[PDB]
Amino acid sequence: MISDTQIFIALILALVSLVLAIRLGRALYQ
Amino acid sequence: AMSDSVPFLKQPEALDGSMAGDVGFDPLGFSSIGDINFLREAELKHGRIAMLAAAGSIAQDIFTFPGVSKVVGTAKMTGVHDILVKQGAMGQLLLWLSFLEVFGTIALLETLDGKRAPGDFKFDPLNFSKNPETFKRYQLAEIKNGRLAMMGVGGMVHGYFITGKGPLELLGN
Amino acid sequence: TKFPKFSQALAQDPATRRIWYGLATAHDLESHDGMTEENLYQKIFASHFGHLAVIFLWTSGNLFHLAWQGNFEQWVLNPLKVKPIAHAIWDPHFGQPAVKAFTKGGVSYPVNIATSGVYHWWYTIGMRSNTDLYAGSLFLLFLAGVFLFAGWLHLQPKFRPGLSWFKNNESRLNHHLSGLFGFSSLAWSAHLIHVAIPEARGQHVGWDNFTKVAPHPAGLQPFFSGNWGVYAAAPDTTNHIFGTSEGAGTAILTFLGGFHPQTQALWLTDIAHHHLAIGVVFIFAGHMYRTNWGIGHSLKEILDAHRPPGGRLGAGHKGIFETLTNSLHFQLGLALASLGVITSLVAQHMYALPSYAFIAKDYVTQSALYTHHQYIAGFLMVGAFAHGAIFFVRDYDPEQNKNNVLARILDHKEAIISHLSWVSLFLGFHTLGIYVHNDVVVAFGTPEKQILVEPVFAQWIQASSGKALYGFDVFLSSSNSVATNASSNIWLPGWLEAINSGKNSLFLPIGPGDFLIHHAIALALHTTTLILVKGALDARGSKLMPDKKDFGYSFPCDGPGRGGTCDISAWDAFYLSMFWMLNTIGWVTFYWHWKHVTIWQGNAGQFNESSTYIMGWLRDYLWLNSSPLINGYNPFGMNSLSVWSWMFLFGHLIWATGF
Amino acid sequence: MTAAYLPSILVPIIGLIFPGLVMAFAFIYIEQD
Amino acid sequence: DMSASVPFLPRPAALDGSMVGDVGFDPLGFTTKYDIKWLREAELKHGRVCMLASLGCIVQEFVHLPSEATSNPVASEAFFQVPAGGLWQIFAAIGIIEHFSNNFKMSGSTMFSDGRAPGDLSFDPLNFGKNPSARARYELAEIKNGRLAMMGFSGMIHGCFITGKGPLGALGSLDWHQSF
Amino acid sequence: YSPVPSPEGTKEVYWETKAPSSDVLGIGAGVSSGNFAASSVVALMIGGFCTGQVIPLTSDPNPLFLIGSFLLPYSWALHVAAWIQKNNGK
Amino acid sequence: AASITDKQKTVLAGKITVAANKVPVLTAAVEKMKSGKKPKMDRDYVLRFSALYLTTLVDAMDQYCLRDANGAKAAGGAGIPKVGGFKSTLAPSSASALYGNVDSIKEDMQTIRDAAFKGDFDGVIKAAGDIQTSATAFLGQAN
Amino acid sequence: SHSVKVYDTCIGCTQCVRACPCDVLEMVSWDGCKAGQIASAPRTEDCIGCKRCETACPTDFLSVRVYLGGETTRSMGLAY
Ligand code: CLA
Ligand code: CLA
Ligand code: CLA
Ligand code: CLA
Ligand code: CLA
Ligand SMILES: CC1=C(C#C/C(C)=C/C=C/C(C)=C/C=C/C=C(C)/C=C/C=C(\C)C#CC2=C(C)C[C@@H](O)CC2(C)C)C(C)(C)C[C@H](O)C1
Ligand SMILES: CC1=CCCC(C)(C)[C@H]1/C=C/C(C)=C/C=C/C(C)=C/C=C/C=C(C)/C=C/C=C(C)/C=C/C1=C(C)CCCC1(C)C
Ligand SMILES: CCCCCCCCCCCCO[C@H]1O[C@H](CO)[C@@H](O[C@H]2O[C@H](CO)[C@@H](O)[C@H](O)[C@H]2O)[C@H](O)[C@H]1O
């Protein structure tokens with residue numbers, strides 16, 4: 001099954017996607 | 037203005053006579069469809085590949101390279117192709133000719149813009165086009181031998197299909 | 002107040018209307034203050050990147066929540082007995098009996114049982130463990146991040162594309178047809194041949210071994226040899242147990258037709274050859290337009306040249322090229338219409354010809370999938386007509402469209418709307434009359450006097466596909482037909498076995514109730530089309546308001562003068578057609594669910610006898626099947642249906658609040 | 001469930017702290033001049 | 039007019055002969071799409087890494103540091119035999135060298151503002167470069183040896199994959215007699 | 041609004057006469073109507089023959105007849121081009 | 089200080105351990121099938137359990153034996169995994185001494201398959217226990 | 002504010018000015034109609050948008066036209 005470390009890795013990837021989404025939202029907002 | 041080769045037919049509009057071997061032979065009107073430079077580049081490529089193929093069929097009847105006789109046995113002409121597809125000769129040659137034909141694709145793209153003569157790769161290492169009349173004579177000879185080799189390769193391979201012998205094995209009996 | 006920074010008029014509003022209208026016009030970029038065409042297209046490009054990232058994140062979330070809290074590894078072993086888990090429940094408002102009643106699926110915590118069918122799809126395409134599910138979720142997170150970065154990058158200076166790039170029709174058509182449609186389908190065929198079919202045959206193929214595990218024992222030698230039919234030899238036996246090597250074949254590309262006898266789904270080799278053929282056809286389609294090398298077609302020349310010389314279409318399609326390229330609303334209407342047609346097609350063809358193993362036995366999943374994609378279809382079609390109306394208001398230039406097909410639509414709009422009105426009244430008068438006639442005559446104890454029309458046209462179509470039920474003996478149901486002899490060596494045995502076995506939803510038997518409900522569906526489609534077409538064609542003006550285009554696509558009214566002008570805008574026609582769209586998808590899904598529920602119960606005669614009058618629908622479908630739903634919680638206890646029992650009432654509440 | 005603490009940690013945060021901070025900051029943003 | 043390396047193709051317009059190693063060989067036209075300075079910096083970095091790599095494969099086939107982890111003559115198997123921590127230290131040292139020698143400008147547009155000549159990292163501790171006539175010949179020899187070592191390392195690593203014998207071992211074990 | 045781009049060489053082919061101009065035939069703009077009509081007849085015959093050879097389709101169809109079957113829908117466009125060239129004075 | 093080959097060995101050992109711990113689920117399932125009011129063998133359940141878990145166990149053991157015999161050329165020193173072309177420069181995976189349990193478990197899988205077609209519950213139970221013992225022997229021998 | 006336009010089809014009947022509850026319209030001198038007067042809207046900042054003027058207009062399709070625009074305290078009719 002899935003371990004704690006794998007969930008943490010997925011959370012880190014989601015945080016990277018959050019930062020990129022914030023940057024795209026700021027760029028679209030001019 | 038009637039065509040010289042076919043006298044009862046009108047001269048083709050896209051054939052000027054400026055090209056080597058132009059006798060005005062186009063009854064079906066193919067030069068009206070394609071660019072004439074593209075058609076001449078295709079004709080030269082088919083003819084040169086057929087010249088090499090005819091010379092190769094004759095030479096592979098004459099002699100074989102060291103070790104080829106165990107790989108291919110007694111399976112001359114097109115019969116070796118499949119065998120050497122199982123071996124690595126055909127793939128290697130296909131790769132290197134594909135490289136050369138990528139650069140030939142760039143050359144054809146430059147031909148289609150009017151900035152390259154058809155079949156002109158400027159490959160004359162041993163200078164033979166030293167005079168503009170020898171150039172025309174060699175152009176006519178190249179196109180004539182290319183057409184002759186096209187039909188000769190057709191004859192050699194289809195006679196091999198019927199007999200299984202080869203171009204010079206057939207003449208041996 | 003500077004919340005609606007895109008609208009100075011909204012930002013100076015002193016009331017609570019400012020917040021609402023700033024929320025409601027935020028993505029209407031064409032109406033914003035100082036909007037140029039180039040900035041509009043660049044913002045749309047980045048927004049499309051963001052929506053793509055949202056889709057990838059949602060799919061990664063489904064995969065992750067399944068790999069973490071699901072029972073996929075248990076469900077793979079016993080697919081017809083184990084209930085698939087969507088996600089875990091952690092709700093602190095639960096009491097203990099609700100914790101007990103939601104503890105299902107063989108796990109020790111409260112869960113929701115998945116109805117989306119992602120288990121069957123992921124199992125069919127070769128996923129077996131939770132590890133590859135988690136790896137797919139990580140890959141989709143990375144892909145979403147990549148598309149977010151691309152949306153940011155393609156807004157940065159020296160990367161913002163010009164309007165000439167955005168309006169390059171030929172290059173985008175060639176690349177999206179050959180690569181986005183064709184090569185994607187070819188790559189999916191590659192995934193099915195290389196991964197999905199071996200995992201269906203009990204052989205693990207992953208990234209660690211896919212370069213050394215050949216999809217076929219002969220390798221790519223039959224493909225390079227031209228002996229392609231070797232890939233069709235030795236297909237899966239009818240004794241094949243899915244996911245194991247027992248009874249497995251070696252073929253990778255077949256045209257067997259019909260269903261796998263155990264999974265009750267289409268053969269995976271048939272799906273692989275299908276997606277391979279679709280890829281080849283689409284790559285051939287994607288070399289059609291001229292981009293940089295002289296060969297290829299010009300879209301403007303094709304449009305301008307196709308004017309029929311009899312002059313019945315006027316100037317033909319002249320000016321349609323610029324009108325379509327310059328209008329994003331024309332493009333959006335075409336895209337939404339085509340998407341709505343194809344998601345309706347998805348809904349019909351996926352219940353009729355399921356492709357996922359064991360999903361035809363998951364009745365809840367089939368019902369949810371059909372209902373979901375049909376409601377999506379109704380929404381998409383309403384949107385297509387709405388954005389077409391917006392095109393007529395905002396982007397239609399009459400002087401650029403002289404005697405065009407669009408201009409001639411506008412010139413015989415009265416005939417179009419009047420004939421739609423006639424066909425709607427025709428269908429409604431006589432369909433409702435037959436239903437009420439049947440209701441009255443059954444209520445008076447004489448059901449033999451009912452008007453029951455046999456749907457012989459569609460039954461004839463079923464017989465043409467090979468259904469021997471009706472005895473029509475034509476085309477594939479005739480053993481001597483040229484159509485029968487033509488396909489007899491390729492797909493006719495499997496297709497005939499699948500169509501003539503009453504164990505699936507392949508061309509289900511139909512009677513007078515089916516006749517009546519399709520003519521009711523025809524009524525509802527024609528009436529929704531009437532509202533939407535009348536809204537689009539009167540969007541620029543009517544006799545009551547000849548200057549409507551000066552007022553935009555959406556405005557409240559033109560006041561009580563001239564008799565009163567309530568709901569006169571084209572937006573109001575969208576608003577009226579939304580109710581009719583809800584009504585038609587309601588009728589369609591009611592028909593699908595009642596027919597399938599009576600068939601699955603082994604009681605199809607209940608549908609055959611009760612669907613011919615409305616009281617049968619009210620009593621034997623709505624009232625009869627409401628009993629476990631309304632008993633999800635009661636004064637004696639509760640069970641796992643209670644949430645739906647809540648949501649049901651929830652729906653009945655908020656609908657009424659809309660009133 | 002592996003990492004069973006994560007629902008009890010994240011569900012109250014996502015359902016009460018995230019909407020409260022979003023509503024507060026959105027209120028400040030839409031009401032400021 | 040026409041490129042020197044390929045006579046039948048026109049000379050690329052960006053390659054005017056100011057850059058060393060120029061025989062006008064850009065048949066695919068990458069200079070039209072990408073900046074020439076970035077391409078020359080990439081060419082020199084690929085060539086220098088391959089020069090070190092070719093020298094590395096030749097010397098690691100014959101002589102190694104004494105341990106059983108370092109003892110494999112084949113370079114490809116050596117990458118898997120050695121401890122991974124030292125490989126990570128190699129990666130980190132390469133990263134700090136990349137960040138420092140580029141002066142923390144690593145983007146394509148950002149490297150060439152406050153611009154240094156392509157391939158010049160201001161590294162010349164022995165200072166052979168100071169004479170210009172030697173400098174130009176050194177430039178041409180470095181570009182040609184980098185290209186030749188790119189070809190040589192490609193052949194060496196793919197031959198290590200085929201044979202598993204190492205470069206000189208593969209050259210000595212070329213078989214006149216093969217069956218196919 | 042902004043100029044709508046077209047591929048290079050795009051001309052105006054809108055027609056209201058009896059037949060379109062020959063430019064709508066693209067690369068076949070210089071082919072006479074007799075050649076088009078003869079090729080249409082030959083394409084119909086070859087396509088029908090090849091199709092009739094492959095109508096009882098098997099799992100090993102002949103590739104040559106499969107290729108030749110595509111000349112039957114080609115012949116329709118050929119006779120349309122024949123009519124166009126015949127009514128264009130060619 | 090561990091190489092990439094040692095890391096791949098530990099990953100394979102973890103996979104083998106996970107599948108070996110998965111096997112008693114099948115044991116309990118077959119004991120529940122036997123201890124029923126109408127005892128019938130779910131042949132499909134046993135076949136799918138085998139095709140997932142015993143197959144990944146055998147594959148991971150085979151890869152461990154390949155890394156054991158060859159060493160760094162089996163961890164990637166010979167390049168990507170290949171079928172056909174060139175010549176395999178690798179020793180066969182049978183050359184590892186640890187392959188005997190790999191030979192045992194496989195035949196037991198066939199036993200399980202036969203028992204799944206025969207309805208013999210105790211054959212499945214005994215072969216699953218033998219698979220567990222051979223997995224324990226492999227894991228305690230490989231270290 | 003709302004925008005009020007008067008088109009040259011106006012016949013100068015003064016009905017729209019008499020119908021206006023907010024004193025937005027007024028009659029000015031003109032030569033285009035027999036009455037010698039045309040409506041005008043100098044005070045559209047007081048326009049609530051009620052369209053009583055359009056209801057009063059007798060010309061086939063209206064000479065006075067109200068286009069609802071940006072809402073203010075006056076145009077929303079807010080006594081607060
Ligand atoms: C067929 C026409 C043709 C001709 C006449 C030449 C001629 C030449 N090439 Mg060239 N080349 C060609 C095609 C051709 N090339 C093609 C198709 C490619 C691939 C795109 C290249 C790639 C290439 C590179 C990368 C280089 C040359 C170089 C050279 C020059 C060195 C001489 C030599 O033997 O090197 C030829 C070497 C090759 C690898 C090309 C082999 C291809 C065929 C066999 C051409 C044979 C050339 C011929 C023997 C030389 C004739 C000399 C002539 C002036 C008398 C010479 C001017 C070199 C040079 O001096 O440039 C600064 C160099 O660095 N060429
Ligand atoms: C375009 C450049 C190129 C070319 C022509 C080759 C050619 C070859 N490589 Mg190689 N390789 C390259 C780049 C290239 N490589 C790069 C950039 C890397 C990674 C840094 C590798 C890593 C690599 C490994 C690890 C192995 C090969 C192997 C091989 C041989 C068999 C093909 C194979 O297994 O797929 C190549 C496998 C890859 C992972 C490379 C994919 C990435 C490149 C960019 C694609 C190149 C595909 C190329 C067109 C295939 C040509 C062969 C084809 C005719 C069958 C063949 C001689 C195998 C070999 O020698 O067998 C004994 C082998 O085990 N290569
Ligand atoms: C509805 C479908 C449709 C239609 C009508 C067309 C129509 C056309 N396309 Mg198009 N195309 C399509 C779909 C379609 N295409 C699709 C789906 C794709 C891509 C997957 C393409 C890709 C495509 C490209 C890339 C190109 C075209 C081109 C053309 C034009 C060339 C006309 C031609 O072939 O004359 C040729 C004339 C003849 C074949 C006449 C025959 C000549 C003689 C008479 C032969 C017969 C001799 C004798 C009787 C037979 C015996 C011979 C024997 C002795 C050997 C034509 C307008 C070309 C063009 O001009 O672009 C505008 C072009 O470059 N198309
Ligand atoms: C059950 C509810 C219901 C019914 C029967 C109708 C019926 C109708 N709507 Mg409708 N509509 C409804 C709900 C309903 N709507 C709702 C909720 C909305 C959302 C606001 C709409 C929105 C809507 C729009 C936007 C449009 C319609 C249209 C239509 C008409 C064409 C469709 C049709 O079947 O024609 C057949 C007609 C009928 C079935 C009506 C019943 C006729 C009766 C049975 C005849 C008998 C009369 C009886 C003898 C009188 C005796 C009374 C006396 C004793 C006192 C029709 C009059 C369209 C239209 O006008 O098309 C021309 C149109 O444009 N409707
Ligand atoms: C997803 C969002 C969410 C979550 C996580 C909860 C969680 C909870 N709700 Mg619920 N609730 C929600 C949405 C949510 N609710 C909504 C939308 C409604 C409206 C229908 C309600 C209405 C509701 C009622 C009416 C009641 C609950 C109660 C409860 C508590 C369960 C009983 C218990 O053991 O409390 C034990 C409680 C405690 C030990 C006290 C906890 C105090 C917290 C930790 C202080 C947090 C302060 C604040 C959030 C700081 C941030 C401010 C910032 C956002 C500005 C639990 C804390 C019950 C309760 O006990 O309320 C306290 C209760 O009476 N809820
Ligand atoms: C340009 C380039 C040069 C290069 C060059 C190249 C190498 C030049 C060589 C071109 C060679 C390959 C010419 C080949 C011609 C083939 C002839 C036409 C055909 C015979 C076929 C017919 C008669 C027949 C057949 C027949 C039937 C069918 C079947 C058989 O039973 C009998 C038979 C065989 C009689 C060089 C390097 C020198 C230098 C220069 O600076 C640049
Ligand atoms: C209003 C608005 C203003 C302007 C913009 C706008 C968006 C353009 C417009 C809206 C337009 C609106 C949105 C239009 C929306 C339109 C509808 C949804 C288009 C549906 C078309 C069905 C086609 C013809 C396929 C038919 C199947 C036939 C060919 C099959 C036959 C056969 C097949 C081959 C196979 C076997 C079966 C048989 C039957 C034998
Ligand atoms: C020049 C005019 C004719 C040109 C015809 C070209 C045909 C297409 C060429 C196919 C690509 C090259 O093919 C060449 O390399 C392939 C590399 O995988 C070989 O393929 C071989 O290896 C594959 C990968 O392990 C196996 O799946 C194949 O069974 C095996 O045959 C082909 O046997 C060889 O012929």
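Residue numbers (the entry's author numbering), protein chains in the order written: chain M, 1 to 30; chain j, 37 to 209; chain B, 2 to 660; chain I, 1 to 33; chain i, 39 to 218; chain R, 41 to 130; chain Q, 89 to 231; chain C, 2 to 81.
Where a beta carbon is used, it is the ideal one built from N, C-alpha and C, also for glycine.
- Collapsing the DSSP output to three states places j/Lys166 in coil.
- With respect to the 7 Å criterion, R/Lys58 and R/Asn127 are classified as neighbours on the basis of their beta carbons.
- Per DSSP, B/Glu200 is one residue of the alpha helix (DSSP H) stretching across 198-201.
- At the C-beta level, B/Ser425 and B/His527 come within 7 Å of one another.
- Within 6 Å of the C-beta of R/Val53 there is not a single heavy atom belonging to ligand 1.
- Within the stretch 91-118 of chain i, contact with chain Q at the beta-carbon level (separation under 8 Å) is assigned to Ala107, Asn110, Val112, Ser114, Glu115, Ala116, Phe117, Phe118.
- For ligand 8, a non-hydrogen atom lies closer than 6 Å to the CB of Q/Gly173.
- Rounded to the nearest whole angstrom, the CA to CA distance from R/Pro43 to B/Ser328 is 13 Å.
- Apart from sequence neighbours up to five positions away, the residues of its chain that approach j/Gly83 with a beta-carbon distance below 8 Å are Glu178, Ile179, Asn181, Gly182, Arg183, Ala185, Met186, ordered along the chain.
- Pairing B/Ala197 with B/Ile90 gives a Cβ-Cβ distance that is not under 7 Å.
- Contact annotation: B/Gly379 and B/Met582 have beta-carbon atoms nearer than 7 Å.
- Shown here is that no member of the stretch 92-103 of chain Q has a Cβ falling below 9 Å from a Cβ of chain B.
- Listed along chain C, the residues sitting closer than 9 Å to B/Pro15 by beta-carbon distance are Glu72, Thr73, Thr74, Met77, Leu79.
- For B/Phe575, the distance from the CB to the nearest heavy atom of ligand 7 is not below 6 Å.
- In summary, the residues of the stretch 199-215 of chain i whose CB is separated from some CB of chain Q by less than 8 Å are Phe199, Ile200, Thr201, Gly202, in the order they occur in the chain.
- For j/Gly92, the distance from the CB to the nearest heavy atom of ligand 6 is not below 6 Å.
- Selection B/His121, B/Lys301, B/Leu193 evaluated against B/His276 yields B/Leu193 as nearest (Cα-Cα).
- Closer than 7 Å to the CB of B/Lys596 there is not a single CB belonging to chain R.
- The continuous beta strand (DSSP E) containing C/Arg66 extends over residues 65-68.
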